[PDB]
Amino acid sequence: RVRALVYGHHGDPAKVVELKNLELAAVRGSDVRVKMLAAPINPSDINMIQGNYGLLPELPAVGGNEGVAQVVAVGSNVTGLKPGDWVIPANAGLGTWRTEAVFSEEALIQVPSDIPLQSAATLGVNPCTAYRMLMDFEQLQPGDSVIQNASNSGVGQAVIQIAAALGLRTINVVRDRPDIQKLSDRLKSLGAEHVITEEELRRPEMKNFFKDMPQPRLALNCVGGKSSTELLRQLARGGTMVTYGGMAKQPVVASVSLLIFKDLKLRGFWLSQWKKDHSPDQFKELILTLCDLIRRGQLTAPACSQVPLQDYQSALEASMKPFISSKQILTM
């Protein structure tokens, strides 16, 4: 039977999300039938379920926006997809948390199947965001530096690899944790040049730590508040701090003096917006670019924990945690 994770109300996922059976539709022409392979659980998925997000699928909705599916069949007039093909959603809002679906062929985009399933299941979001943010805001050349916060996130980790494979120098801010030393070695082996604490940055010894290497023209923010204020402080005259995450109650603060005399810029990044503003093919090249790095071992999936659709509540809970050790991946 067809099992799906659906929420009829907006609220705390562990309460809102419930497992349901669904009848499949008909492959009526341009439609495509898929068997979900793996669906991660991401923060944007949680926010959506909570009702705090830029795009809200009508209730009752199927949870999830990212994941890999294998084509099982195609509609009378489907040209680009043959069964056995691997697909990911063309844009957010699809509802990936379900065993099987029938989707319009334009809501999907084929990915190579010669990559690790785990990579394919998590390629459409974090690595794309990381890549775009490195490209679309400042023109970075090898030797140039990038400063970021939440460096242990799915995005930060991907930014570290991509940056490295790009010939860039990353200075990464990580949250204070019991063993910040364990983390350091981890990211450093990911390509990270510098790993510093939210603390080491807000000390007085920062105006000089950043002395030997070139100041960053790009800052990546996902935290906000004082963390974000400190990122702004590390920027060179005219640099850009792109915010791509954070809390709805943890706003970004910009010094009047930093905006005027240092001419800093503050922007946002929304992958769904870029995907909707661009052609399917353009999203396709980005994927091709990311598969390239994968094949040459320069981009690797992060800690995965595969959970059967059956036990979504445990997975769901584990993702609500700020210190979640590994990415929860729903499998069916």
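Quick note: we count residues from 1 along the sequence shown, nothing fancier.
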Tell me which of 147-155 and 106-114 has the higher mean C-alpha B-factor in the deposited entry. 106-114
Of 47-55 vs 27-35, the stretch with the larger average CA B-factor in the entry is 27-35
Quiz for you: based on the deposited Cα B-factor, which of 244, 210, 131, 97 is highest? 210
From 169, 217, 233, 182, the top C-alpha temperature factor is at 182
When the modelled residues of the chain are sorted by Cα temperature factor, does residue 250 land in the lowest, middle or highest third? highest
B-factor third for the C-alpha atom of residue 89 within its chain: lowest
Lowest, middle or highest third of the chain for the C-alpha temperature factor of residue 229? middle
Residue 142 CA temperature factor, ranked by third within the chain: middle
Ranking every modelled residue in this chain by its Cα temperature factor as given in the entry, which third contains residue 280? middle
